[PDB]
2 protein chains.
Amino acid sequence: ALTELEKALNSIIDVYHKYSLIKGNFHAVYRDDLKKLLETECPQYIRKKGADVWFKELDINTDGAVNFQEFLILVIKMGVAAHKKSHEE
Amino acid sequence: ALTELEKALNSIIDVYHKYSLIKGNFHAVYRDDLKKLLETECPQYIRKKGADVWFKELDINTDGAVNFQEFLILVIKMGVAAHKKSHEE
Ligand SMILES: [Ca+2]
Ligand SMILES: [Ca+2]
Ligand SMILES: [Ca+2]
Ligand SMILES: [Ca+2]
Ligand SMILES: [Zn+2]
Ligand SMILES: [Zn+2]
């Protein structure tokens, strides 16, 4: 990671691995793991949607866990909301 | 204090604005602007695809520019690709 964009994606990968390496499959963020991720990494306006609501949305293949590709849904939705709020009067 | 995940998204937003503030509509990355972004922010396996190939692919509504939502398509594909490459070699 040499550029700002590459470092940012590398940080996103490290954030995901910080919760997927807790237990179970190394590429699975479970419902309780996601709850800690939301409470630790995300702002209140993302956090207050609830871990259960987010998990239903993120678990695309309905295997009971959130993989990295599914995790990008939360990442992108956080990016849209943060950028939207940055210009919002 | 801002979390690692929040900083990463702010950096992504900063990257986009770095090129959308160049000229014209300040929420628009034009063809040459996107080429500068790809040539500066992105690795080789992204760049080799071609700047014009990326533009045609990212400019979904064919309005002549890449807005923020369209730019996130590149971020997603780069995120998946970077994660896959981080588990190589
Ligand atoms: Ca796990
Ligand atoms: Ca899943
Ligand atoms: Ca512009
Ligand atoms: Ca467009
Ligand atoms: Zn903006
Ligand atoms: Zn991984």
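Counting begins at 1 with the first residue displayed.
Every residue gets a Cβ built from N, Cα and C, even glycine.
What Swiss-Prot records for this protein:
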type    : residues                           : note
BINDING : A:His17, A:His27, A:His83, A:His87 : Zn(2+) binding site
BINDING : A:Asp33                            : Ca(2+) 1 binding site
BINDING : A:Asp59, A:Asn61, A:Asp63, A:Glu70 : Ca(2+) 2 binding site
DOMAIN  : A:12-47                            : domain 'EF-hand 1'
DOMAIN  : A:46-81                            : domain 'EF-hand 2'
MOD_RES : A:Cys42                            : S-nitrosocysteine
Fewest other Cβ within 10 angstroms of its own Cβ, chosen from the binding-site residues A:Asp59, A:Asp63, A:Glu70: A:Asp63
Top Cα neighbour of A:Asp63 (Ca(2+) 2 binding site) in the set of binding-site residues A:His17, A:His27, A:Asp33, A:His87: A:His27
Neighbours of A:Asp59, A:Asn61, A:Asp63, A:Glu70 excl. site residues, C-beta within 8 Å of centre, Ca(2+) 2: A:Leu58, A:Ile60, A:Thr62, A:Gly64, A:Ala65, A:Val66, A:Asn67
Recorded positions among A:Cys42, A:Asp59, A:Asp63, A:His83 whose Cβ lies under 8 Å from any chain B Cβ: A:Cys42, A:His83
Listed recorded positions A:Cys42, A:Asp59, A:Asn61, filtered to Cα within 10 Å of A:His27 (Zn(2+) binding site): none
Residue with minimal Cβ packing [other Cβ atoms within 10 Å] among the binding-site residues A:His17, A:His27, A:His83, A:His87: A:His87
Residues of the domain 'EF-hand 1' (A:12-47) by DSSP state, where helix covers H, G and I: 24 helix, 1 strand, 11 coil
Nearest of the recorded positions (A:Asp33, A:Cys42, A:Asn61, A:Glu70) to A:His83 (Zn(2+) binding site) - Cα to Cα: A:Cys42
Number of Cβ atoms other than its own within 10 Å, given for A:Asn61 (Ca(2+) 2 binding site): 10
A:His83 (Zn(2+) binding site) in three-state DSSP notation: helix
A:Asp33, A:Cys42 as recorded positions, winner by CB count within 10 A: A:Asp33
DSSP-derived class (H/G/I helix, E/B strand, else coil) of A:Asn61 (Ca(2+) 2 binding site): coil
The residue listed as 'Ca(2+) 1 binding site' and A:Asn61 (Ca(2+) 2 binding site), distance between Cα atoms, whole Å: 18
